[PDB]
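Asks: need a 3D model of the following:
(2 chains)
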Amino acid sequence: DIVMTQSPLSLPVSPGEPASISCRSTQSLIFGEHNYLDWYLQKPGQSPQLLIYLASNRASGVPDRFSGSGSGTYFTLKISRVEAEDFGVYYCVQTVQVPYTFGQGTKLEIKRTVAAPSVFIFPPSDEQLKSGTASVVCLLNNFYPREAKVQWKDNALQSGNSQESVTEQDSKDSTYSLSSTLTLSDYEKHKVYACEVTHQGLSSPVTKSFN
Amino acid sequence: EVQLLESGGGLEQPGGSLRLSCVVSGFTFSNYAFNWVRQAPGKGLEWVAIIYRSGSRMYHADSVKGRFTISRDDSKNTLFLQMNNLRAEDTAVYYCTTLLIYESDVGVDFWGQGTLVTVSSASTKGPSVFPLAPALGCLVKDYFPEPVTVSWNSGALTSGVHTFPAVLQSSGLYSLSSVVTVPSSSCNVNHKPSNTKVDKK
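Replies: Residues are numbered from 1 along each chain as shown, chains lettered A, B, ... in the order given. Coordinates below:
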């Protein structure tokens, strides 16, 4: 089996700057006058989309900012000026020999400016209170970069009873959103519930709470 | 207009069997080879099998040979993939695709929407939906397996909607929330594995 090695695995690039992704094979992909290597882009929740076929041919509908080059065992995909809609995972694949094999995929991240999150707190619902468990959720909406610290606090810092989930980079504004869910049974025994958010875009941490 | 429509996925126990179907419309099905490509959750693409227009075929041996069988019914414009002796590592979204079609000096390529196959011993369970009232959203709690789909006002509201990736709780059940921001401006959950649908205002 031909091994396809992609580099790098993660590529942070600001909008307007160039990007370059390389793909190496363990066997020559030449047959006749063509190199049998294709480039695909897969956006979150979508099927893969062909960008470049046969090493250097731009697929129908692909903008001219995308180009491919290389021959033999060394191939390169280039974006002359990346745009916000280019976010996704890029794959090379060889088709000179079955089994067809893919590269590991390169996650292209869009480096936009710093953006502070909008913090929201939600107490458990009355419908859920009719059950045995209470869930408090803290929402961090539209921020960048992804690095963010969420901490739960009757002014007692929690540990072990929370879970986080972060969306993929938005195709329009290149921001992230994050949710943190605090799960308790114990809930009716306390009064102060707060989530404190720390992010680069905030001069000081922001706390949203309820009683 | 070309469309590749997959079906037949879902939950099955290890050692069980599933049969995937890909009905091709608007496309001269009989003249082309077709492929199956799968993607484990959070992982990359892996080629599974190919069948040529003759009916001859090949499989990714190192992972699926002897267990999966690709076939085609040209009279019905349908591609099939029979999955026997299922294992946990077969859990993935499966795509039917032509891969590259290069003829008349133009390159085209068609893919289906994919169908999720989950191989697990856990039982199916429908989700509970709790409102998140003031931004606002819905909490979809304690379901298995993936996936759930969440719309807002029967799919009418789409701007500013963030549906978060599901998180596997310690109970072995998934939970997620789907929010939509309304700064003092002025949900339709579907879990097909359990055949449950809930609307929460």
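
Asks: so what's the residue count around the closest residue to residue A:202 other than its chain neighbours?
Replies: Excluding its sequence neighbours, the residue lying closest to residue A:202 (CB to CB, 6 or more residues apart in numbering or on different chains) is residue A:116, at 5.1 Å. C-beta: built from backbone N, CA, C; applies to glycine. For residue A:116, the neighbour count with other CB atoms under 10 Å in any protein chain shown is 17.

Asks: how about the one 5 residues further on?
Replies: Using other CB under 10 Å, residue A:121 has 18 neighbouring residues.

Asks: in chain A, which spans are helices?
Replies: A:126-129 (DSSP state H).

Asks: spatially central residue for it, please.
Replies: Centroid check for chain A by CA atoms, centre = their mean gives residue A:168 as the closest residue, at 4.1 Å.

Asks: got phi/psi on the residue nearest to residue A:202?
Replies: For residue A:116, the backbone dihedrals (degrees, to the nearest 10) come out as phi -80, psi 150.

Asks: domain-wise, how is chain A divided?
Replies: What curated CATH domains lists as the domains of chain A is A:1-111, A:112-211.

Asks: give me whichever of those is most buried.
Replies: domain A:1-111 (a mean of 18; mean count of other CB atoms under 10 Å in any protein chain shown).

Asks: next, see if that domain gets close to chain B.
Replies: Yes. Contact between domain A:1-111 and chain B, assessed by CB under 8 Å from any CB of the partner chain, occurs at A:1, A:38, A:40, A:42, A:47-50, A:53-54, A:57, A:59-60, A:89, A:91, A:93, A:95, A:98-105.

Asks: stretch A:151-166 too?
Replies: Yes. Counting by CB under 8 Å from any CB, chain B has neighbours in stretch A:151-166: A:163, A:164, A:165, A:166.

Asks: with distance to residue A:176 added, can I get the residues you listed in JSON lines?
Replies: What follows is the residues of stretch A:151-166 next to chain B, written out as JSON lines (distance: CB to CB, whole Å):
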{"residue": "A:163", "distance to residue A:176": "17"}
{"residue": "A:164", "distance to residue A:176": "11"}
{"residue": "A:165", "distance to residue A:176": "11"}
{"residue": "A:166", "distance to residue A:176": "6"}
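
Asks: follow-up on the earlier one: make TSV out of the domains of chain A and add distance to residue B:41.
Replies: Formatted as TSV, these follow (distance: least, CB to CB, whole Å):
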stretch	distance to residue B:41
domain A:1-111	13
domain A:112-211	14
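
Asks: to residue B:16, which of these lies closest?
Replies: domain A:1-111 (25.3 Å; CB to CB).

Asks: quick one: end-to-end length of that closest one, please.
Replies: 36 Å (CA to CA, to the nearest Å).

Asks: before we move on, what about stretch B:124-135?
Replies: End-to-end for stretch B:124-135, by CA to CA: 32 Å.
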